[PDB]
Protein chains: 2
Amino acid sequence: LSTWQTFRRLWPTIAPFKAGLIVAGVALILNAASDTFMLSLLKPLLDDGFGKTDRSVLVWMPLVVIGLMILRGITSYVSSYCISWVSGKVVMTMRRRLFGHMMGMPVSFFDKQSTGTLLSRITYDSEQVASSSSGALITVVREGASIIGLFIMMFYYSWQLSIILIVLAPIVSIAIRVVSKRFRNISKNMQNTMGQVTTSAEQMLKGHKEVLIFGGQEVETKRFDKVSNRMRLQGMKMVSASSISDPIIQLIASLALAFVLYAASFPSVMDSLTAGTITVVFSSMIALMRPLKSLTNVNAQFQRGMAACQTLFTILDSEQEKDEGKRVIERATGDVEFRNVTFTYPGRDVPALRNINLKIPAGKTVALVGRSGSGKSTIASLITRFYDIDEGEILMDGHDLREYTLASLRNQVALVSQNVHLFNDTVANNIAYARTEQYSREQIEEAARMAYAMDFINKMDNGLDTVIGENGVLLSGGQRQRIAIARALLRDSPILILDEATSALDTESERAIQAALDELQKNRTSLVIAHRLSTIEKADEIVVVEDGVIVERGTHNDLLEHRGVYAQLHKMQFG
Amino acid sequence: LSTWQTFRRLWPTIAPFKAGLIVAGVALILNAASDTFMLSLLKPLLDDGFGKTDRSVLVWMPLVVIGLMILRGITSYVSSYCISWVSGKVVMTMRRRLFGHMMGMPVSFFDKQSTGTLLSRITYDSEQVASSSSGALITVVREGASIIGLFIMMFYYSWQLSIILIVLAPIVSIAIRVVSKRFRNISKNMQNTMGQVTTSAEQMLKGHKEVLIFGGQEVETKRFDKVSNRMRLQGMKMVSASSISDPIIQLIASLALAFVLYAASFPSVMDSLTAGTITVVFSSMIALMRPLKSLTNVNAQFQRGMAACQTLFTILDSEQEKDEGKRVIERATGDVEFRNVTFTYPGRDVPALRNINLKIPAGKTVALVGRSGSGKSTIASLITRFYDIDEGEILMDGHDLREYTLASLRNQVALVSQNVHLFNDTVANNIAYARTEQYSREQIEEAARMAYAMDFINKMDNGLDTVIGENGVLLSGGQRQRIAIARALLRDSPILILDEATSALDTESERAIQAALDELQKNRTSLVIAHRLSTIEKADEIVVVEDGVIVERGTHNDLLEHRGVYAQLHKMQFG
């Protein structure tokens, strides 16, 4: 199949750690050699052993046995440890490479695939790939060495009886296979007619309300007598077949053993047999049953592992987000404009946004209001180039978003909302995702105090150094919004996409939050998602977007006077 | 437990077939003895065998082996066949006894328990009881003889090494148990924190929409680096524990073997050791591992089998229908009457029938009108003493039904309806469930012709002798009703409970069936379930029963003039 090509592609990853693989292979070969050597040691125990009067062989035997098993234990430990070190580092590189290609690929991918199956791919699938490939290698080495050693021993001790056994075994195998097959076919052929004999006995017990009326009790008893005798005869026939099944295979095995003994009886083969030798042959052959029965199967599962690895490579060679365009800007003035923009979510028709025209000057704020959908969050994401418009043009300071570099454009915008991800780190580090060294502690605390964050920093230990709990357990929703504001004030941003929709209108310290917001949206473009009435009144230009098209434009008082969609949304307070 | 009491109760059933049990026991003991004797034969092939120059013991060995396995095959076949004959006859008697106790018990039981589970009890449960008990006996005999033979052989060949082995083995077993237990607990203790190490790395991939805005890709890369390194170290500890699990077991088994060899090294023991002897000892131990591992378990399952048999005894020792009262009459005149009868279905409150007064004289027919329920079919049931009134009195020719003997009262009534059970037998036999010899072929064909049954019976082969197919496939619904009418005409009945509700008004030959009905209900009391308009007009007295009480009484014209419930039922034609 194509699994070997996947292994060829994967080999460079395992290449730097070949030393561990070599050590593990040597340890496994020593393990198989120790086991085979013990089975060889079975000979001096029996032949030049008990029967002879020499006590040396019986007095140094325990030491040899315990030494060989000490070697087996040590080599098993070393092999397992080294193979798992190699597996650990291979998983290490594979996991670290997926994550490097998983935080550059566009948001559409995580929209398609949920985070749960993604974590499954990162952890469980990589672990399964490593475990399956490592197990395949472990078996192919150890069991391969074991079968080679056992064949060498069997051919070395006696070259005639070994060939006899090797020739004879497959014949016995195929014979017992054929016998068992035909017997279970007969068994099922009788099962199919028991299936109907049961419903043959079904149809008298439904007629109780009929027998008693006409007094046919004895007739029904006799009918059951006859049917029951028929049933017993059928069961006896089944059991006769099932009982003749097993003695046949037992007898053919016995006949094979008898033929082996008869062949050993012949002088041409009798000469090179001396008591315990046959044991070291026979026992060895018995041992040879276990590795082989595994060996083949293991090779098969190897392919399975590589197949799963192919899936990872599919993620590993996917398409990252396009970074076309090289225009770097620092602290843009802010001239956000949408002209005839039409956007459809990748993979979905019915454009959420179509032919909109939205001009937001610097400093002046636009409150963009609409229903729960209306593409408001689509506008928010579209400003930050998370997605790309199919048609239309977005002009930023006289240039297109696609024209601009992704990094600088993404850095310039600032997104503040109630639902902001608080990563597990210090509050000082949560103030600035990156460039933490750029902003000293005094700047961080000044920004926190300006956004009124400093109040809840000192409510816990270590102040600014307070580590954020797992999934932000330490901070609550209002404090989450506040730390988002502090993040915004720390890094001045020409363009701010405020999202008051998720902001709690029933929480505490709302006056402080609103004041911090007011200080935040000073002398900078503010594309505010309009949910609360207060934000709209203080805003400069109020724009209503519904069904992907603009429906009302103008100031808040003017829109209220227009008595259009804006007035209707004002009636229930925009939700 | 109480299972042995069930076995004591069941023993009389198996008592007549003790010869088969004895033969099977002898055969099984011979089987175990043959196997043990082969393992004993393992000695001469090895001690005064290959090593010696006397090849005679090598040339008569195959003959003895093949003879022993011929004996094993023959004795296995004989044991299986005899134990299966005994099981078949025990199942035969148990099944024939349930059906003798299952066809006298009140109809309320089949109302409670469906026919499917009843058939399951008859067939599947009895088969399981027999199979489990027979398997327990077979194992307790064969494996018991095998372990006794192995022990006596081992003690006979060498009495020191045997005791040493039988003392050392349990210590090794318990040590392995303890080691494996503690290591598995360590493994699960590591699993519990795998669970959280996964979710620690869960909370990084949900921020893809946050990392890109602030340009913290490198910081996230470093964080994943550290978290992934922690994961790999935890996996290292995982593998360390999992890999130290098994070699301890292997080493302790090796130490046990070394101690056995050292004990053999002492000169106080050698005298009872001669090469192959130890094999016949050691191999015996290996063989002795298999019976014991089964023996104990089998005893347990024996109880299970007996438990199931107890359930059957519960059905076998339940309560039959009460035959209290000894009054046998033949061809009663028919003066059936219900006075203040109140009946509740056994196990249900809300009396389906309460304080009814219903007098039906000889010859004159009454029609019971009502809704789909109203207890009309229930009234039909009470007449046939299928159920019994809790309160009230049902008088037949001046005597109570309970006063009356069950056999004669049940025989006197005749139930004719569309849904009549057609048992698989000849048409001639289906016309007379019992007393088929009482009615000659001439009488049977005359009755069939009177009820117009001759038209359809001659439409098939063998005429009168045509056997009814499985579940009456040969006869259709109209012909089913017609053959029921033939049955009724064959045995004259003073009281006839006709059920025209199930009769079809969309079938063919409706004139013929109506004419046959008219001939059938002459000069005999006819409690007709009123569903068809034609029947009631021809009927003498029309009584409407609803909600368990009589609501309208009188002739059909009078009831129509009354404009009560009867007129309303006339409007939609009584259904």
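Residues numbered from 1 in each chain as written, not as in the entry; some residues may be left out. Chains lettered and ligands numbered in written order. Heavy atoms only, no water.

(A) Spatial organisation of the overall build of chain A. Tallying secondary structure elements over chain A gives 21 helices and 10 strands in all. Taken across its 575 residues, chain A has 48% of its residues classed as buried. For chain A, contacts bridging at least 24 residues in sequence account for 76% of all contacts bridging at least 6. Charge centroids of chain A, computed over 60 positive and 56 negative side chains, lie 11 Å from each other. (Helix = DSSP H or I, 4+ residues; strand = E, 2+ residues; numbered from the N terminus. Buried < 20%, exposed > 50% of the residue type's maximum accessible area, 1.4 Å probe, protein only. Contact = heavy atoms within 4.5 Å. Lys, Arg positive; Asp, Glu negative; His and termini not counted. Charge placed at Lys NZ, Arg CZ, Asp CG, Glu CD.)

(B) Highlighting unusual backbone geometry. Residues and elements named next belong to chain B. Notably, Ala275 is not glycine yet its phi reads approximately 40 degrees, a positive angle. The topology assignment puts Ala275 in the loop between α9 (217-265) and α10 (276-316). The buried category is assigned to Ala275, whose relative accessible area is 11%.

(C) Focus on the pairing of strand β6 (residues 413-417) of chain A. Residues and elements named next belong to chain A. Within β6, four of the five residues are buried, which leaves the element mostly enclosed by the surrounding structure. Examined bridge by bridge, β6 and strand β7 (residues 495-499) share five bridges and lie parallel to one another. What sits directly across from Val413, in β7, is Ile495. (Pairing = 2+ DSSP bridges.)

(D) Representation of the interface of chain B and chain A within the structure. Taken together, the contact pairs 104 residues of chain B with 102 residues of chain A. Taking both sides of the interface into account, the surface hidden between chain B and chain A amounts to around 10,200 Å²; carbon and sulfur atoms contribute 69%. On inspection of chain B and its partner chain A, the count reaches six salt bridges. Connecting chain B to chain A are 18 residue pairs in polar contact. Per element, the largest residue contribution to the side of chain B that touches chain A is 25 residues, and it comes from α9(B). Partitioned by chemical class, the residues of the side of chain B that touches chain A number 55 nonpolar, 30 polar and 19 charged. (Buried area = accessible area lost by both parts, 1.4 Å probe. Salt bridge = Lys/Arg side-chain N within 4 Å of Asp/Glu carboxyl O. Polar contact = N/O pair within 3.5 Å; in protein donor to acceptor, adjacent residues only side chain to side chain. Nonpolar A, V, L, I, M, F, W, Y, C, P; charged D, E, K, R; others polar.)

(E) Main features of the relation of the copies chain B and chain A. For these two chains of identical sequence, chain B goes onto chain A by a turn of 180 degrees and a shift of 0.1 Å along the axis, with RMSD 0.2 Å. A rotation of that kind, with that shift, is consistent with a two-fold axis. Closest approach to the rotation axis among the C-alpha atoms of chain B is made by B:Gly276, whose C-alpha sits 4.1 Å away. Same-surface contact between copies: 95% of interface residues of chain B are shared with the interface of chain A. (Least-squares fit on C-alpha atoms.)

(F) Seen up close, the packing of aromatic side chains. If you walk through the whole model with that rule in mind, you get 31 aromatic pairs over all chains. Taken together, the ring pairs in this structure connect A:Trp4, A:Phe7, A:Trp11 and A:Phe302 into an aromatic cluster. (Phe/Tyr/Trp six-rings, centres within 6.5 Å; stacked < 30°, edge-to-face > 60°.)

(G) Just the pattern of salt bridges, in detail. The tally for this structure, following the rule as stated, stands at 39 salt bridges over all chains. Here A:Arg72 ties to A:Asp35 by a salt bridge, and the two come within 2.7 Å at their closest N and O atoms. Here A:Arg72, found in helix α4 (residues 61-102), pairs with A:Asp35, found in helix α2 (residues 18-46); they are 37 residues apart in sequence, far enough to count as distant. A salt bridge links B:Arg121 to B:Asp125; the shortest N-O distance between them is 3.5 Å. Of this pair, B:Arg121 and B:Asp125 both sit in helix α6 (residues 115-157), four residues apart, roughly one helical turn. No difference in accessibility class separates B:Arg121 from B:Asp125, as the two residues are buried. Via salt bridges that share partners, A:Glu220, A:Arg223 and B:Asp425 belong to a single interconnected network.

(H) A look at the nonpolar core. By size, the foremost hydrophobic cluster in this structure holds 36 residues, and its most contacted members are B:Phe338, B:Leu358 and B:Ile383. In terms of residues, this core owes the most to one element, helix α11 (residues 376-383) of chain B, which gives four residues. Those residues in contact with B:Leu358 that lie beyond four places of it in its chain are B:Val336, B:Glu337, B:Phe338, B:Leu368, B:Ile379, B:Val543 and B:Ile550. By size, the runner-up hydrophobic cluster in this structure holds 34 residues, among which are A:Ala380, A:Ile394, A:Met396 and B:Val211. (Core = buried A, V, L, I, M, F, W, Y, C linked by side-chain atoms within 4.5 Å.)

(I) Layout of the environment of B:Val549. Residues and elements named next belong to chain B. Structurally, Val549 can be placed in strand β10 (residues 549-554). Overall, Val549 belongs to the partly exposed group, its relative accessible area being 27%. When the C-alpha positions of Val549 and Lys89 are compared, they lie 54 Å apart, and in sequence the two are 460 residues distant. Excluding anything up to four places from it in sequence, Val549 contacts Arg354, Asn355 and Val544.

(J) Highlighting the domain arrangement of chain A. Domain boundaries assigned for chain A yield domain 1 (3-317) and domain 2 (336-573). Relative to domain 2 of chain A, the C-alpha centre of domain 1 of chain A lies at a distance of 63 Å. (Domains from an automatic or database assignment.)

(K) Layout of a positive patch on the surface. Residue and element names in this part refer to chain A. The grouping of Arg177, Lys181, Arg184 and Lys188 at the surface amounts to a positive patch. Along the chain, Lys181 falls in helix α7 (residues 161-202). On the accessibility criterion, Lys181 (43% relative accessible area) is partly exposed. (Patch = residues over 30% accessible without salt bridge, like charges linked within 9 Å, V, L, I, M, F, W, Y side chains within 5 Å. Areas by Shrake-Rupley, 256 points an atom, 1.4 Å probe, with all protein chains shown as cover.)

(L) View of the packing of helix α6 (residues 115-157) of chain A against α7(A). All names here are of chain A. At a minimum axis distance of 7 Å, the contact between α6 and α7 shows a crossing angle of 130 degrees. As judged from the angle between their axes, α6 and α7 are oblique. Residues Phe151, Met154 and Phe155 of α6 form the contact with α7, whose own contacting residues are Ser162, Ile163 and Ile166. (Axes fitted to C-alpha atoms, helices over the stretch in contact; angles between N-to-C directions. Parallel < 35°, antiparallel > 145°, perpendicular 65-115°, else oblique.)

(M) Looking closely at the side chain of A:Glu552. Residue and element names in this part refer to chain A. Tracing the backbone through its elements, the reader meets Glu552 in strand β10 (residues 549-554). Here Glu552 is buried and forms no salt bridge, its nearest opposite-charge partner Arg553 lying at an N-O distance of 5.7 Å. Side-chain polar atoms of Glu552 contact the side chain of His562, separated by 3.2 Å.

(N) A look at the sheet that holds β10(B). Residue and element names in this part refer to chain B. Sheet architecture is open: six strands sit in the order β6-β7-β8-β3-β9-β10, paired in mixed fashion. Strands at the two margins of the open sheet, each flanked by one partner only, are β6 (413-417) and β10. Neighbouring strand axes in the sheet, compared pairwise and without regard to direction, differ in orientation by 20 degrees on average. Across four bridges, strand β3 (residues 366-369) lies against strand β9 (residues 541-546) in parallel orientation. When the sheet's bridge partners are listed, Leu368 is paired in β9 with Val543.

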